[PDB]
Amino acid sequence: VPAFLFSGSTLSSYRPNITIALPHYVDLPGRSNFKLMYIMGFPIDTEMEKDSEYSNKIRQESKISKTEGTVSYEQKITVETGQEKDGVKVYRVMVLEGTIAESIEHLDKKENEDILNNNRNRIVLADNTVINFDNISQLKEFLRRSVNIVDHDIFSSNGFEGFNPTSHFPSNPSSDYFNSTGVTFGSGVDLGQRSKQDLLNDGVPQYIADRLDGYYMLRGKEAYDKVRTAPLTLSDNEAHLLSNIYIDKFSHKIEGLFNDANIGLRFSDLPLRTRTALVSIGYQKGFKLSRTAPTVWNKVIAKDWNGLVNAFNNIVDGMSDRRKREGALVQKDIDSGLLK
């Protein structure tokens, strides 16, 4: 061990400088202590307690949960595979300060299977702490969570926005929202104020946008009648694709609101479920939570996560069940140790 140390390939934008395979040491610019040893063509990250000329010091373990945590989607990560015992650590660098998406792609190559399956896998974070993973699958699952702004499965579950691939009209003529409601698809994608071009601009595939001809810009009576006489069912694949585009688009509005608040962290530093809770309430009540959910926003900007659970439990807005489910997401992050 470490097994297959020069197998596979390494994703690195940094590629430093008679093709010689003597060991070369370098300090990776933006940081210390990040000494790298290049043997053959490959970067090797080593640590030891004992002070040295060419090894890094022992890195602190991150408090981030390996089973349920995420790293900020706005951060580059370093992925390493290797072995460690008694104050000596030797890791082949597999991804060196690469994006989450690049990493996910890079880690799924058959070339890297041998090395990733027969060594301990870890992520070295930008803050220079490390997350040690039980296995490569766990690491891969951590990255998958991390790259999403919200948890689209919770979002489209029945406890939240639900999911109906058939054109639906979620109001009735006795309802107060009758005239503002339009033809709806998937998880709350309402076409009442949207044209085909709007959807293309938002990156909806043409094959999907074409399908929705006749459902655009219809509201109230016309949307209601249209659904009753000529409905349309998308396939689950297309409806999820269309839903996620709008979920993510909406999420970025909540994100900017959060970020502009300057509370000492960014939206991407919050755990996935809590981001999902905040987006869920926004999607339903309007995104400017400072006005549409003052008691929630208060707890948020205060980073009072227990208080945030209390706030959700405490609003009666005719939608208290959905609010309790949102507070339950935050409470999960609390109980998991992701918040505080």
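In case it trips you up, residue 1 is the first one in the sequence shown, and so on.
Averaged over Cα atoms, the B-factor as recorded in the entry is higher for 31-39 than for the other of 31-39 and 59-67. The PDB entry reports B-factors from which the mean C-alpha value can be compared for 271-279 and 40-48; the larger average falls on 40-48. As recorded in the entry, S175 carries the highest CA temperature factor of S156, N259, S175, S146. When the C-alpha B-factors of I115, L96, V124, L232 are read from the PDB record, the largest value belongs to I115. When all modelled residues of the chain are sorted by CA temperature factor, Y54 is found within the highest third. In the PDB entry, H106 places in the highest third of its chain by CA B-factor.
Among the modelled residues of its chain, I334 has a C-alpha B-factor that falls in the lowest third according to the deposited record. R325: CA B factor in the lowest third of modelled residues in this chain (values from the PDB entry).
Annotation for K299: CA B-factor lies in the middle third of the chain's modelled residues.
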